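Coming up is one lone chain in structure tokens, specifically the form deposited in one PDB entry.
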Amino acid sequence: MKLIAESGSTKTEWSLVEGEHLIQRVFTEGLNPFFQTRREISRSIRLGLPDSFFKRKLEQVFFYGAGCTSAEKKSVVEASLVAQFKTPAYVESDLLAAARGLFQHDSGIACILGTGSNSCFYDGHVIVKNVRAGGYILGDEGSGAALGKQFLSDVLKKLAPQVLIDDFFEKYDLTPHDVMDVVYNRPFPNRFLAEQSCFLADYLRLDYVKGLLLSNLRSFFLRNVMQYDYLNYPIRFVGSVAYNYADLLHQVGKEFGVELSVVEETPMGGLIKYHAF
């Protein structure tokens, strides 16, 4: 058996697999070596996974995660995995997870629309080019946080529909003042903004929300996708925003003259296939 894990801001997905056969899947909290020390990662692993995961003969562990983006950060995660499982562990970024999960050994443009957003050209083996996403303030166009940022900007200006404003304040138990406090003074403001992506998804019948999604999705295409040779290679998407707003994403694709026929919630299914070759 092998273990394949994919970690983002909201959770880690663990797949215990034999070849392409799923023995078990388990979710734990997100694990990010920029926010968590080696020991916290080890502890979160140790407390989150069932016993069967730790008693099982594993040939390798493939881990992909947000924040696994340098040699040093990959080491922290690797040390935890190696300590917890006593087996070869290979740590890569969430971006390479998207590329390999979406493309296998073919070439094309892989894009993530999740808490943040990301894109790359993948040559079937390595990432060859990677437009900088820029994070929740300076970029991450088309991401959950970008949506949340524009929505909350509109809430404070009273520009959004009253129904949405009232529902937002009630659901989150907030006032305008408390919004400022959360965004400017409390941990992980990006995650709170990105949570708005889930909130807004119930209100898609409103012109306001459709226009907000179209605007942010177009921005991702103009500022990220179209830096690549996007008319000459397949463009494939993964992530919670891409998945939940797949119809609007497809519409934006057609506006830019492309056919987006691959939109997946996560790269996990593709990663299981990839590590079976």
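In case it trips you up, residue 1 is the first one in the sequence shown, and so on. Under this definition, the rigid core comprises the largest set of C-alpha atoms superposing within 1.5 Å between the forms.
Between 106-114 and 85-93, it is 85-93 that carries the larger average Cα temperature factor according to the deposited entry.
With 54-62 and 215-223 compared on mean CA B-factor from the PDB entry, the stretch scoring higher is 54-62. Note on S197, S80, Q150, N190: the highest value goes to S80, judged by CA B factor as recorded. In the PDB entry, the Cα temperature factor peaks, among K158, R205, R132, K73, at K73. Among all modelled residues in its chain, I45 ranks in the highest third by Cα B-factor. Among the modelled residues of the chain, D123 sits in the highest third by CA temperature factor in this PDB entry. In the PDB entry, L231 places in the highest third of its chain by CA B-factor.
Annotation for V26: CA B-factor lies in the highest third of the chain's modelled residues.
What comes next is about the form deposited in another entry, which is not displayed.
In a core superposition between the shown form and the other one, the Cα of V76 is the only one among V131, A160, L200, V76 shifting by 2 Å or more. A displacement of less than 2 angstroms separates the C-alpha positions of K171 between the shown form and the other one, with the rigid core held in common. After superposition on the rigid core, displacement of the C-alpha of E141 between the shown form and the other one stays below 2 Å. Positional change of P50 between the shown form and the other one reaches 2 Å or more at the C-alpha, relative to the superposed core.
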